[PDB]
Structures are given as structure tokens and as C-alpha cells.
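To start, the structure under review is shown below, and the notes come after it.
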Amino acid sequence: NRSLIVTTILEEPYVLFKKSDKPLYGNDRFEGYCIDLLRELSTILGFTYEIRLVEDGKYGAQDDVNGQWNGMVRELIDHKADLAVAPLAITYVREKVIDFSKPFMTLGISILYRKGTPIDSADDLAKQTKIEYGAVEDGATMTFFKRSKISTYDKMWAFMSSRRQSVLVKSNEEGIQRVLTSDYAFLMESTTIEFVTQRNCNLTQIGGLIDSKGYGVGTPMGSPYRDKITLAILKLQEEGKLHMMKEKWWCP
Amino acid sequence: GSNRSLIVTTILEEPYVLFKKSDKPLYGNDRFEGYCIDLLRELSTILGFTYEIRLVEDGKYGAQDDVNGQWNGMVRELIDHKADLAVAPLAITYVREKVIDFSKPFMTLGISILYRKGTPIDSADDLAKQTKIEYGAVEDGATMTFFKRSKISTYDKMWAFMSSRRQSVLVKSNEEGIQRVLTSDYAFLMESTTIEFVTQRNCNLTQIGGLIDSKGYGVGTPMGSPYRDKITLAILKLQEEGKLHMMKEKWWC
Ligand SMILES: N[C@@H](CCC(=O)O)C(=O)O
Ligand SMILES: N[C@@H](CCC(=O)O)C(=O)O
Ligand SMILES: [Cl-]
Ligand SMILES: [Cl-]
Ligand code: NA
Ligand code: NA
Ligand code: NA
């Protein structure tokens, strides 16, 4: 049968290029939690696949003026991919235009910052400007802030939007670097914070979770794969396999 | 000329669904309160439906009979189109999703252990390796089914014990499980969000260990229902607004 086209994005420890002196080709180039997940799905559901990194390097948001989506979300809308297997947040605005499986991981927005400071919450950031803060451009965190009517978060969006050329970044890795090299706090998904703080012992999560959401496999709206992938994820969960995969891929 | 009211099946479970305390007799939907009742009210305004709440006739969440293959509980009510929706702390599971549809989750949780304070018991593994302290779960719910189906060594040993002693250790409700913890040397396998509620109100009890699994509660619908995806959208919008968190804080030593 026809191999499914799978869009994804580089994001440690979900999807990475394998380290090797030997040049690698095709799907063999990739590893990570989401690649392990994809492999399990392919075996359970009986399909073959071809991984392609999303050409624009984006997760996906809707343009304010022209209404067009970008990123992995747009690839699915345009039927240029069959699945998006990535740390792709299931959100209200995305679910209106693409389908998602049920979640394979649950998480929420939180804050990455340096240790040792009196900053303890988003409210602490919102009331000041000396410590800058931001998020990945055209992802779910940015979109949460952009849409929020909660006073702390709407204040924070006004600031991010004002300073966007400096404080919105293209990737989580660029956000981490901004935290390490300037006085900056990064609004980041909590499962990623967990990974980063285990490896950067001067960094910490600030406060708790600001929201709650899950990562799901994306499909074009109406795809028959969406419900099949939900069943496969539920079966993996029941067996403990997703927890094992998390432990596989995830200070003094 | 109005649309038919949806029949919503549910089950008594504090603080999700309860009868209101009142000296005045109450009728119809006005009898009920709780997190799931507030959720249902929000869904009905978002989606534009009216409804009638009915407690599941057989008092069960739902499991499949291994001899005759029939389901029971709220799951069976949906299969048979005796209800339009199930709005309850109904776990989304692989075996249920094969026969009914669920919305995406409105709450995430996992199985853990409820026991009395003051003990060296620290995990399911510690319980499994002994028999002096009995343990069990709600009959014909998701926790029981997780154990019955598990191939993990600790949990399959637990199921063998629970099954052997089921007339004594499987119970009809979380409340009966709590009373067993309080009146005998018994540990109850219970969902974590319910443990959180119970231990905040009885300071003699505690959670033992962490979460054994991960799952969500979802609104159940019959397979193929058009309400499933609409309710998923309404849930995602409520979460994006922070309203589910506010509802949890309202209802929850
Ligand atoms: N995982 C996010 C990107 C990272 C973020 O927004 O914090 C998404 O699905 O858009
Ligand atoms: N909420 C569970 C019942 C309680 C339990 O099994 O622990 C269900 O959906 O079956
Ligand atoms: Cl009617
Ligand atoms: Cl779904
Ligand atoms: Na990237
Ligand atoms: Na959708
Ligand atoms: Na289903």
C-alpha cells in the first residue's frame, strides 16, 4: 500500500536527527520519542510511511489578516501530509480545521527561568518589564496568550506583541538560549521544561501550569486515521508503553 | 416545536455528581449538583441543547462480560441508545472506545492507592507481594478492567488476588471502598482526582505511591454521534478560557 506522508518538526527529545559519522537517508535519519511512537503506530495499524520535516519550520497559527494557516497545521489542511507526528498541541482553534487523535501526552504552559530569584508566577512577570519574556512564534503558547482574556495573560500578550522582534523566537532551543544569555523568562510547555531543567542545572520551572492540554497526532479533517490512531494510543497507554517511551527519552 | 431534550446518563460520585442537600423537595434536573453538572450546563449553553439527567439504571460505569460479551452500565446505555450523552467521571479507555465514542478529556488522572496513614507500604509492588492487607476496586469500572487486562507482573498478580477474593474486595462504589479502608485493613485502588478529594477531607487517609497509569475523563456518546466532536470543541474552548480549572477549584489537612 501507499506510504503515508508524515510531517514533523525538530524538537528534542521528540524528534531529532541521529548523530552519526555515516551519512543517513530517509526515515533512518530521525530518532526520538515521536519517532518511536510513529514506529509503534505503523506496526499496530499496518502502514508504511515517509517522514518529511515541515518546510516552513512552524507548528501552526492563523494569520490575523488573510486567515491562512501555516506550519504542520497548514500541511494537513492542504492534504500535503497524511499525519503530523510531533509535539503538536491539541487546541480549540486547531481542532476547528484539522482532526487530532486523543492525547499521547498531557502537559501545560509554564515558565522557564534561572534559579535563585524572587519570581514565582506569571503575575510576577506581568507586573514588570526589566525581565523580558516570550514564546515560540506561531505555536500554541503564543496563540494562548494572543487569545486570552485573563488579565495577567492579556497584559503579558500586550508586552510580547510590543517586543515581538526580540522576545518571540523560532524554536524552543532559541528560547532556551535567550534564558541562558540574557535576563529573560521563556513561556514553554511543561514536558519540555522537564527535559531542559534535567540538563541545565541553573534553570528551573517557575510556578505551576498555566493551562492544560495534550499532544495528539494531527490528521486532515475527516481522516479515517484519526480514530484508528486514538485506539492505538489508548492500547499503548493501557500497556504502559507510552510511559516507557517517556522514560527512555527523558542535577546535584 | 423545540428540539427533543437529550437524555444524559450519569452516576452519583462526589464531587462530580451529587443530590443537593435541601429541606425543600427538589425535582428534575434541579436535584443535582457537582462538577459534572456544571460542565453539562456549560455544554448545553455552548451547543444549544436541552437535557434530562437520568442516573444509570444499573448503577455501573461499564465493563464487558467475558462469557457473553455484553456491556453494562453507562457504556451499555449509550450502545443501546438509551442515553444521548454520558456526563460523568467516565474514563476514556481502549476497550470502551471500541464500542462508544468519547469527547477529548475534560480532566486527566490515573489509578493510585487510598490507604490509612502510618505504614511502610509505598507502592503497588508492596501490596502485591503480600496478602495481610486486602485490596480491591469498584466492580465493573475502569480500574477493575485495567487490572483484569494487565500483563504487567505486579498488576496481574494483583488481579489474581482481587478476582479470587472479589466477593469481599470488589465494591459497588467509591464510597463503599472508602468505608472499607476506614473499617478494615484494606487498601483501595482509586482514581487520583477522587483520592485528592477524599484525603483533603479525611486526614487519617493518604495516597500511597504515584499514578499507575494515565487516562482522561470524557463525555461518552453512542458510536457515530455527531455530538462527540462538538463536545470536544466546547471542552477545548472551556479549557482555553480557564473555566474547567475554575470548576475543579470550586468543587475540590
Ligand atoms: N508544541 C507547541 C509549540 C511550542 C509552544 O508553543 O510552546 C505547538 O504545538 O504549537
Ligand atoms: N471512573 C471509573 C470508575 C471508578 C474506578 O474504576 O476507579 C470508570 O469510568 O469506570
Ligand atoms: Cl423532549
Ligand atoms: Cl477524539
Ligand atoms: Na524546529
Ligand atoms: Na477537528
Ligand atoms: Na469510539
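So here's what we get for this one:
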quantity	calculated
Residue identified as among the hydroxyl-bearing types (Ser, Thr, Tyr) and within 15 Å of ligand 5 (Cβ to nearest atom) among A:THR7, A:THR48	A:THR7
Residue list for region A:73-126, filter: within 25 Å of A:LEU209 (Cα to Cα) and out of contact with any helix residue (DSSP H, G or I) (no Cβ under 8 Å at 6 or more places or on another chain)	A:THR106, A:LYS115, A:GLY116, A:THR117, A:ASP120, A:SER121, A:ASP124
Cross-chain or 6+ apart pairs with Cβ under 6 Å, region B:1-27 first and surrounded by 13 or more Cβ atoms within 10 Å (Cβ to Cβ), then of a type in the set (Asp, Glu)	B:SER5/B:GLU52; B:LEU6/B:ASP84; B:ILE7/B:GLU52; B:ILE7/B:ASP84; B:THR9/B:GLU77; B:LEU18/B:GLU33
Extreme residue, farthest from A:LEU234 (Cα to Cα), among residues of region B:63-108 that are near ligand 2 (Cβ under 10 Å from one of its atoms) and within 10 Å of chain A (Cβ to nearest Cβ)	B:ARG96
Residue, surrounded by the most Cβ atoms within 10 Å (Cβ to Cβ), within region A:235-250, restricted to residues that are on the phi < 0 side of the Ramachandran plot and part of a loop (DSSP other than H, G, I, E, B)	A:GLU239
Scan of region A:179-204 for residues that are within 16 Å of ligand 1 (Cβ to nearest atom) and either in contact with an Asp or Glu (Cβ under 8 Å, 6 or more places away or on another chain) or within 14 Å of chain B (Cβ to nearest Cβ) (or both), ordered by number	A:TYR184, A:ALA185, A:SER190, A:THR191, A:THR192, A:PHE195
Hits in region B:211-234 - residues which are within 12 Å of another protein chain (Cβ to nearest Cβ) and farther than 21 Å from B:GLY62 by Cβ	B:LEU211, B:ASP229, B:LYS230, B:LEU233, B:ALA234
Among residues of region A:175-201, those that are surrounded by fewer than 17 Cβ atoms within 10 Å (Cβ to Cβ), farther than 11 Å from A:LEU112 by Cβ and touching a strand residue (DSSP E or B) at 6+ places or on another chain (Cβ under 8 Å), counted	2
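For every residue, the table says whether it meets (1) crowded, with 17+ Cβ neighbours inside 10 Å; (2) not β-branched (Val, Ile, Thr).
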position	(1), (2)
A:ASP64	no, yes
A:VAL93	yes, no
A:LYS96	no, yes
A:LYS115	no, yes
A:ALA122	yes, yes
A:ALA126	yes, yes
A:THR143	yes, no
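Every number in this text was worked out from the coordinates using simple rules, so none of it is lab data. For neighbour counting, all protein chains shown are included, and Cβ atoms are generated from backbone atoms with ideal geometry for every residue, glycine included.
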